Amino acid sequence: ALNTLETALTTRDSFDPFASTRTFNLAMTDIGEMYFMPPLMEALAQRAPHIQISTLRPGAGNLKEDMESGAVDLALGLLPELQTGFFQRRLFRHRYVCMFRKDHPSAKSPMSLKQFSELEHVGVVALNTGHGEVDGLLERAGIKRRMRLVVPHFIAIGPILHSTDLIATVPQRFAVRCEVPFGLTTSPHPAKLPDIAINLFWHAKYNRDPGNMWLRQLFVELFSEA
């Protein structure tokens, strides 16, 4: 409360996007990095050519603490622990989808729940993320899956689906970075999987820092569906 009256009465560091050499530190998941970073860096080349960006996974250590000190400027995803002293803004919802190689010998779009349960799958654990909940969701619905392979993260999924008959359950924004590169198609998901809201977060201490505001607005401009 009383650090909002001190941190508003302070003079603000100027921000000129053509001249800034500031480094902005951003927390995001592996899917975030793959979704956000290509179009963000494309935009920054034309708009703020001398700033630097570095990212990190929230799943390291004390994101909250590091956001309060200014060590991390912004965070993206579903980050339930960030509540008191944090603003937030919803960018979009992840819709889950089934993915497999273009010329899979039996897989169809749209895919019935029956065929989903007949086929063999790769799964991704994605510990402590929204996507980490997909496994429990399907199990609790009594939807049987032959789990031929399980991996902890998303990196190998495109190449694995390319060169096997496995199928995967995947956020649709992941699918879009993979369909063409890896010769893959998608189907609407046959199960009842709920969406995952992806939010942009920042600490209150930087609510009026012009650099921080400038970067947030660019995220909203490029990524907001809302």
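Numbering starts at 1 and runs along the sequence shown.
For the pair 185-193 and 157-165, the record assigns the higher mean C-alpha temperature factor to 185-193.
Remark: stretch with higher mean C-alpha B factor among 77-85 and 133-141 is 77-85. Per-chain ranking of the deposited C-alpha B factor places residue 60 in the highest third.
Among the modelled residues of its chain, residue 69 has a C-alpha B-factor that falls in the highest third, as given in the PDB entry. Annotation for residue 122: CA B-factor lies in the lowest third of the chain's modelled residues. Split the chain's modelled residues into thirds by C-alpha temperature factor. Residue 202 is in the middle one.
In this PDB entry, the Cα temperature factor of residue 151 sits in the bottom third of its chain's modelled residues, the lowest group.
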